[PDB]
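Q: got the complex split up, this is the first portion:
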Amino acid sequence: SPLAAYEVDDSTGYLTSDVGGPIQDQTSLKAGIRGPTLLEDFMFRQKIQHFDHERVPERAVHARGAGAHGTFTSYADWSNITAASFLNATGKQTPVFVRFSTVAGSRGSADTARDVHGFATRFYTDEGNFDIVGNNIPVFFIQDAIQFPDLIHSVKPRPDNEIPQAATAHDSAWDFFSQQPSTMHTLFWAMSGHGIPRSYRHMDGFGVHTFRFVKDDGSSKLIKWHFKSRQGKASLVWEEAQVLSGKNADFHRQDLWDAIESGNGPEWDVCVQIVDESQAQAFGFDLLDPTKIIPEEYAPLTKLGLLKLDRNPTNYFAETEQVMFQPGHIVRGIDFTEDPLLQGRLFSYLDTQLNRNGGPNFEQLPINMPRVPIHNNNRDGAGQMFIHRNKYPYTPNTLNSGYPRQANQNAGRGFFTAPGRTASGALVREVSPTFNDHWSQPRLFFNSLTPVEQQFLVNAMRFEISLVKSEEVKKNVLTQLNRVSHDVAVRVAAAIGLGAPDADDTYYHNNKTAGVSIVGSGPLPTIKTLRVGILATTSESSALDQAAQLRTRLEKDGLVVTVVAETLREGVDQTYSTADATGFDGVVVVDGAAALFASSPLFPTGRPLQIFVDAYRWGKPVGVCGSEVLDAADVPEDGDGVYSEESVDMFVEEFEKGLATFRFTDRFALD
């Protein structure tokens, strides 16, 4: 609503300065028609001064990302567990804005880098903005906020030459990971398919920390936030992600923009695990430790409500670039815990917005404003957009009749710290011994992945570690991996020409936990928005008709279809020159196009076949509708995810199950 009031419409009218003076902006004022530009040319200077100052500092982490507006809807009256107003009645709706991001890359880096991903959600509640600033991975690399610049320095580019962009595959990152074993758990998630999701819509979100739900009576329970994707979970394969980074650095923000514009806004169930305060140490680790998950076997998910994203921003800079989240944006009914990672974040997010906004009044920007009245004695500051009528902004006062009133547990629905919280003991800079098991849970995670998924994780480590120059770093890395799993360390060492150290079984175990596998999570629940490329030709009229037939049948089921040919015309969306297998979730070749697969100035040598072969190699559903093609491609007609029909309607029925299966993992070799 502050969003609509600040929109500026330029669809009609004459150019004006920022002070409303009609002007021109196409030629400089000069002393004669071939003469020097004049200093008194105010039109030139105001325009270029604005241009000169357009940029602001990128976020220190999560610089690369994209956002959308939507709604959250409560499923029930949750007063039984929290006083939180946005959860206080069935069907209660609250507007949201969400930004998704990577962690390490600068603002112009590729979406499909391997990375932890941000999932930050703002709920504009009727008792204040509430932000959950989370990630797609439920556990974090480090156990104390003070270590965050060490982690980030080590993973960001080496500071002499600023290489490599958006990547952990260099010595410093692996030096840090091997010297700081708290990193293992998040490292294993990021080395799995969770590090390369198929889209922002196909990943989950997690608050990571344990928080508290607090009731109006003051009793509390411990919670973890989980946002569970209704689109299902899906990942790229690494070799595909690399090419995609080059062919389309905007892949995830494009995918989100497109799904929203087509009426397919993504959805999540907002859930919690809820446990009692006495269970803080009951599960075999400390709930204050952000490197641990609570297995679903010990605490099931309760569904609180529905999160839907359904409207794109109007201006990226003003909304997505300027949104300033804070876990300190908290509301009555929620409280913090003593997680030393969370505790330090509270300081950092308030402070960093001064850097980004260059002034203290960043909560006045339309995107950061609340949707309820503000009453407080904050004043002045650069960029002050309010005119305060209260000329006695201090408490206690009589000159403004004692207003604003103090709000607390008793009065004014004030935020209040959970009143059962205590502290005791020496003031110390010590890590709790309860945080010391860094290896059991990564092993639990690894155990819970399918064999193919385990192989992809080993191969991600083989790829990254083989790029580490230092032989000593590589050995130290093997030492740590070996504490999680000997087999992992053996298979990793094989690719780098070192021997693994002997098995150390202190942390080894065979336990599994549900719901962490991507491959294991069954077929996608929906195929809407998935992309089908139809490889066709203009040389045969039958090819284009076959292409058009297929189009209409696939588009009916909500698939985004691209017909590719040598050159554009009616019915053809893309040329072979601009097409690539990274652009599709499945690829169909219409038999009429068989000749392209066996040279043209219109596209690089071998392109049409390369698209089909890359798609197959990357595990995608592929087919021919009309077997010369299958033999050009070395693609066996009996393979799972390979479709060959002369019949259109049988082709499509089968192909669509392939899209749901999404990837055909039998095409990847195991150790």
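A: That came in fine, so what should we check first? Residues are numbered from 1 along each chain as shown, chains lettered A, B, ... in the order given.

Q: Name all residues that make contact with residue A:660.
A: Contact partners of residue A:660, counting by Cβ atoms under 8 Å, 6 or more residues apart in numbering, are A:523, A:524, A:527. Any C-beta I mention is one placed from the backbone N, CA and C, and that applies to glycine too.

Q: Skipping adjacent residues, who's closest to residue A:390 in space?
A: residue A:400 (5.3 Å; Cβ to Cβ, 6 or more residues apart in numbering).

Q: Pretty sure the one you found sits in a strand.
A: No. Counting by DSSP: H, G, I helix; E, B strand; the rest coil, residue A:400 is not found in a strand; it is coil.

Q: follow-up on the earlier one: closest to residue A:164 out of the contacts of residue A:660?
A: The nearest member of the contacts of residue A:660 to residue A:164, counting by Cβ to Cβ, is residue A:524 at 32.8 Å.

Q: Give me the neighbour count for the closest one.
A: 19 (other Cβ atoms under 10 Å).

Q: how close does the residue nearest to residue A:390 sit to residue A:373?
A: From residue A:400 across to residue A:373, the span is 16 Å (Cβ to Cβ, to the nearest Å).

Q: for residue A:354, same thing?
A: For residue A:354 relative to residue A:373 (Cβ to Cβ), the value is 25 Å.

Q: Could you check which of these two is surrounded by more residues?
A: residue A:354 (11 against 5).

Q: And that one, its phi and psi?
A: The phi and psi torsions at residue A:354 (degrees, to the nearest 10) take the values phi -60, psi -30.

Q: Grab the nearest non-local neighbour of it.
A: Counting by Cβ to Cβ, 6+ apart, the residue nearest residue A:354 is residue A:360, at 6.4 Å.

Q: In three-state terms, how would the one you found be classified?
A: Once three-state DSSP is applied, residue A:360 turns out coil.

Q: Same check on the one 3 residues further on?
A: At residue A:363 the chain is in helix, as set by three-state DSSP.

Q: hang on, isn't it packed against residue A:376?
A: No. Residue A:363 lies out of contact with residue A:376 (Cβ atoms under 8 Å); the separation is 10.6 Å.

Q: For the two, indicate the residue with more neighbours.
A: residue A:363 (16 against 10).

Q: what's the helix or strand where residue A:129 lies packed up against?
A: Assigned by DSSP states H and E, residue A:129 belongs to strand A:128-135. Strand A:128-135 sits against strand A:117-125, strand A:205-206, strand A:220-229, with contacts defined as 3 or more Cβ pairs under 8 Å, 6 or more residues apart in numbering; DSSP states H and E.

Q: Take these and lay them out in JSON lines including mean neighbour count and distance to residue A:248.
A: Converted to JSON lines, the helices and strands packed on strand A:128-135 look like this (neighbours: other Cβ atoms under 10 Å; distance: least, Cβ to Cβ, whole Å):
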{"stretch": "strand A:117-125", "mean neighbour count": "24", "distance to residue A:248": "17"}
{"stretch": "strand A:205-206", "mean neighbour count": "24", "distance to residue A:248": "24"}
{"stretch": "strand A:220-229", "mean neighbour count": "22", "distance to residue A:248": "22"}
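
Q: while you're at it, add chain B from this line:
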Amino acid sequence: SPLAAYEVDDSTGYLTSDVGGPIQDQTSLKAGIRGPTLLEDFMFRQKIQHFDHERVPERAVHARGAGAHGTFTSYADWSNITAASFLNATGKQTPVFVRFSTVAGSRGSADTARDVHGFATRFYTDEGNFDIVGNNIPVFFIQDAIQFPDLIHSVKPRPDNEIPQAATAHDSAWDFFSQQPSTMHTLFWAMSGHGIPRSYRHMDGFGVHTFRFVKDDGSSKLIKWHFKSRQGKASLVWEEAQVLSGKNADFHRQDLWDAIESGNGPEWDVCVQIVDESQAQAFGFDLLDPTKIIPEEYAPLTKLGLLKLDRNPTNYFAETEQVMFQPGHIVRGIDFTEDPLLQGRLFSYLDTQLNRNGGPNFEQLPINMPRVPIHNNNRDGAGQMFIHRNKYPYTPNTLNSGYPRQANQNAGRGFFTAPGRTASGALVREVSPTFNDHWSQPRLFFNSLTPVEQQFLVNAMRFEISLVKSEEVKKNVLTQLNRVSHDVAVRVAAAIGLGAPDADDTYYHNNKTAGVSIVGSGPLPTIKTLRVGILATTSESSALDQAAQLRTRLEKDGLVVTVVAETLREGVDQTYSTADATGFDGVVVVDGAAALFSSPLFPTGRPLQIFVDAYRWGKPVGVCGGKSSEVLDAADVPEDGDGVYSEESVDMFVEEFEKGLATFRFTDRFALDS
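A: Time to bring in chain B:
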């Protein structure tokens, strides 16, 4: 109230964060009742971070000032001289905002420093914001904008110790003045009563530069802007200005605030001198030279309209502190000239707002916004408040149908440079020799003051120059003063124990010009708002009765009356302890209070000092009731003196006293050099 849309009301409600979460802000969150404060206390950090960041850089000059909202009303359709939309119809009304200031002092320096004063006016017109950023003195110290930092560094405090505050009475300033003879004219104005005005309401405003009026057909005329005060002109005397600087640093801002709140908003006639392009060098000087005035005998003032300030800001910081004036905020119908001082100002004011605002979107602050729609392709930048719909912000485009459209002389009422302007010649860093006479106009100015005004100007120079430690600088100063006037140089040299150099008559003359004298402008046209202190006593109930009677009769003529006694009670506004003569424009003692003329309630001799100070500073003083000799004798004031009043009758006392307030100052109480 023109800015009502941005106001925030806190007359009810619970405290919230800036994101609307209700909170408390009186006690920190601690680990135990006598424990350490916690980092998770976001209530504490949000409030303190806001406080830690409240201040913004002061303006590089004119840092000390005060402002008010108003209205400008046009007296005519001025289409026949200018296309300016705000001047296009009789009675047309445009909101304004004005800020007045000193030049040299920091924030918190005293209003009544001796200085050039700013008088900056924003007209929020229906064709964009138009600013006239003027001073109370019509000529400037320097002839080229590039010399501004030199001037300002020399006047501002010495950079090793930052002494002295808000004063040109130090070596560096007079070193600059004496080495840069262009300074002489403004220097003479600042050493006159114009350097110490009685209030912002009692000074004029001037644009200083020659500008152009431009008609829709492209023809232009040369103009000077004059804002002529309807309250009259009035000054302090130096010795009063110094005491006032201590007793009430906020004298001028309080005076303006009070006049507006009492329904006595000050007024100016906004006027121009208008001359042809052909007259640029016709008056014996260059109209491009900002050190020169056009004598009113050569070009009379034309009244364009009325400026009235009638509404005080709601929040000083948000309005007065954040207002960002620019002579680059120009509208169709006005243009610049090649005055080299003006020319560089165009650059400085756009640049310096980046320092003040800390980001490029300073035109979006409520006080800076225009009152018409904005359509342009400026985007992003820190602090961006707009959400722009047009996703094609480039020209030329087809994807936004070629909008926004280019505005110019022939379409969309665009600004346009006066089309008869030309340049010719080498690209030079040279001063035009037409700028070289630095001395004739300061002499013209000096000749146009009354004998007592001339004395006051000489005495201001004696005061400041006697504080210059360098004997070499004092000598250089006398050299320049001597080129304006031998008599000035001799009279100033007398105080500083140097001989003046031999007369040099190159620039001496005896011409005079109307309208530059303050003493010579006759009685004030109005005495509304002037301050009368009535010195009484609580010892005698009849003194209080007399004070009450006098109050009723003075208030019915719109004077602001303060009754002073030993202690407060009904009928008494101020105690003697807080009272001072700098607080009044006239002083009356009620004869019941004669005995006061020791107590633990006020400093010794305070009641008499107020009366003696007021008399010595030239103010109307008197005793009401009939018994006047004890007070006048104690004070050493002659009963028959001009501006000295004694009557038994309250009615007759007030009639006479009110003539004295309009006379304002009694100049026969000041000695003149022979």
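
Q: once more on the nearest residue to residue A:390, with chain B this time?
A: residue B:10 (3.9 Å; Cβ to Cβ, 6 or more residues apart in numbering or on different chains).

Q: Who are the contact partners of that neighbour?
A: A:375, A:376, A:377, A:388, A:389, A:390, A:393, A:400, A:403, A:404 (Cβ atoms under 8 Å, 6 or more residues apart in numbering or on different chains).

Q: possible to save the residues you listed as CSV with secondary structure?
A: Converted to CSV, the contacts of residue B:10 look like this (three-state DSSP):
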residue, secondary structure
A:375, coil
A:376, coil
A:377, coil
A:388, strand
A:389, coil
A:390, coil
A:393, coil
A:400, coil
A:403, coil
A:404, coil
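
Q: Following the chain onward from the strand holding residue A:129, which element is next?
A: Assigned by DSSP H and E, the successor of strand A:128-135 is helix A:148-155.

Q: All the helices of the stretch 201-350 of chain A, in order from the start?
A: A:238-247, A:251-261, A:316, A:340-357 (DSSP state H, counting those that start in this stretch).

Q: so how far is the shortest one from its chain's centroid?
A: Yep, that's helix A:316 we're talking about. Between the centre of helix A:316 and the centre of its host chain there is 17 Å, according to Cα atoms, centre = their mean, to the nearest Å.

Q: again with stretch A:538-550
A: Distance, centroid of stretch A:538-550 to centroid of chain: 39 Å (Cα atoms, centre = their mean).

Q: mind giving me the domain ranges of chain A?
A: Annotated domains of chain A cover A:1-427, A:428-526, A:527-671 [curated CATH domains].

Q: So residue A:33 lies in a strand, does it not?
A: No. Counting by three-state DSSP, residue A:33 is not found in a strand; it is coil.

Q: Right, and chain B sits closest to which residue of the stretch 251-400 of chain A?
A: residue A:370 (3.3 Å; Cβ to the nearest Cβ).

Q: do the same with the stretch 551-671 of chain A
A: For the stretch 551-671 of chain A, Cβ to the nearest Cβ, closest residue to chain B: residue A:568, 19.6 Å.

Q: Can you say which helix or strand has residue A:44 in it?
A: Residue A:44 belongs to helix A:42-52, assigned by DSSP H and E.

Q: May I have the helix or strand just after that helix as PDB, with CA atoms only?
A: Per DSSP H and E, the first helix or strand lying C-terminal to helix A:42-52 is strand A:65-74. Provided in PDB are the C-alpha atoms of strand A:65-74 (Å, rounded to 0.1, in the frame of the first residue of the first chain):
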ATOM      1  CA  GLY A  65      19.000 -12.400  -5.800                       C
ATOM      2  CA  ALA A  66      15.400 -11.800  -6.900                       C
ATOM      3  CA  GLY A  67      12.100 -11.000  -5.200                       C
ATOM      4  CA  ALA A  68       8.300 -11.200  -5.600                       C
ATOM      5  CA  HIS A  69       5.300 -10.100  -3.600                       C
ATOM      6  CA  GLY A  70       2.600 -12.300  -2.300                       C
ATOM      7  CA  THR A  71       0.300 -13.400   0.600                       C
ATOM      8  CA  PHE A  72       0.600 -15.600   3.600                       C
ATOM      9  CA  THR A  73      -2.700 -17.200   4.900                       C
ATOM     10  CA  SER A  74      -3.100 -18.800   8.300                       C
END
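
Q: to the structure above, add chain C:
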Amino acid sequence: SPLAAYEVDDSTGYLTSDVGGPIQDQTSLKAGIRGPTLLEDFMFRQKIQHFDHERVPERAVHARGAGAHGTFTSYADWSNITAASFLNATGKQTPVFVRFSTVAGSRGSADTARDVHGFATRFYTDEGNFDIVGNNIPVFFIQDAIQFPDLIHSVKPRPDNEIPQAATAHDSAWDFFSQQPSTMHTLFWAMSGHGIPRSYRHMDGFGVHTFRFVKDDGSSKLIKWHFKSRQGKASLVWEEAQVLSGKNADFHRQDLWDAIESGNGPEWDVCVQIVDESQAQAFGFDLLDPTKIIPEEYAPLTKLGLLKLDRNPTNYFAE
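A: Following on from the chains above, chain C is added here:
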């Protein structure tokens, strides 16, 4: 010293840009001798751009103030009470910088306003800079830092018109004082001659808070800092202070400058009251409470060393 190495001498030489190119700065470049100024005039823009950006925000409190360099010399090896390295040997010298100030006025307000005064001392020790950021009055108005903007909004000028400058003599200040009774102790000090000292050299400095001295073995004691003036204590009277504010707004800064230039640099004995941890509530109040002094009858002063100011800054802004 970082200061000496960053000094810039301009007693000879030709004018240069900030990147070392010789230039002139007295006339703008124009198209013709009576023509418009050219955008290509980089000499003009670099000079004006610097001028346009010379100011920085004043301090949110204590904006009006003045400073000097000097030395601190320890009287003893204080290892028996603190591990602090600048106090570890008789005669050990540490460079200092001190800035004195008022609290409420903006940076061009008068020195002789009635107010609490700042006395902030930096010791550039051989184990890091150590700052004691104190006032000339030993107790503070409020008991919790979260109330500081309330105190400060109330004493600073009313926000609609920004009146009155540098004074507590207005409704909002007295409203706060009368609603928030913790203010009474400092109020009494500020209303006494401690609010209008004769000079920065004629006042004491106090750390105000209780701090701790920690020995290398880890034991600790509670301390209050006191800087006791060797010039004696002296104050103005109010009628005089008011006139002085107008006649010389720079009175204290001039006084300090002159005393140093004449070889009369001011001195303070740096002292502590030192008490056991067990005595935090022994004296009839809580030593965590910054509105309370420890009467010297209950804990005497120990003199640690001599603070002397003896060198004025070279550039006021930079230092």
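
Q: Check the contacts of residue B:10 one more time with chain C there.
A: A:375, A:376, A:377, A:388, A:389, A:390, A:393, A:400, A:403, A:404.

Q: switch to 6 Å and redo it
A: A:375, A:390, A:404 (Cβ atoms under 6 Å, 6 or more residues apart in numbering or on different chains).

Q: Show me which of those residues is closest to chain C.
A: Of the contacts of residue B:10, the one sitting nearest to chain C (Cβ to the nearest Cβ) turns out to be residue A:390, at 8.5 Å.

Q: Also compute the angle for the helix holding residue A:44 relative to helix B:340-357, please.
A: Angle, helix A:42-52 to helix B:340-357, by axes from the mean of the first three to the mean of the last three Cα atoms, to 10 degrees: 30 degrees.

Q: residue farthest from the centroid of chain A?
A: residue A:32 (55.6 Å; Cα atoms, centre = their mean).
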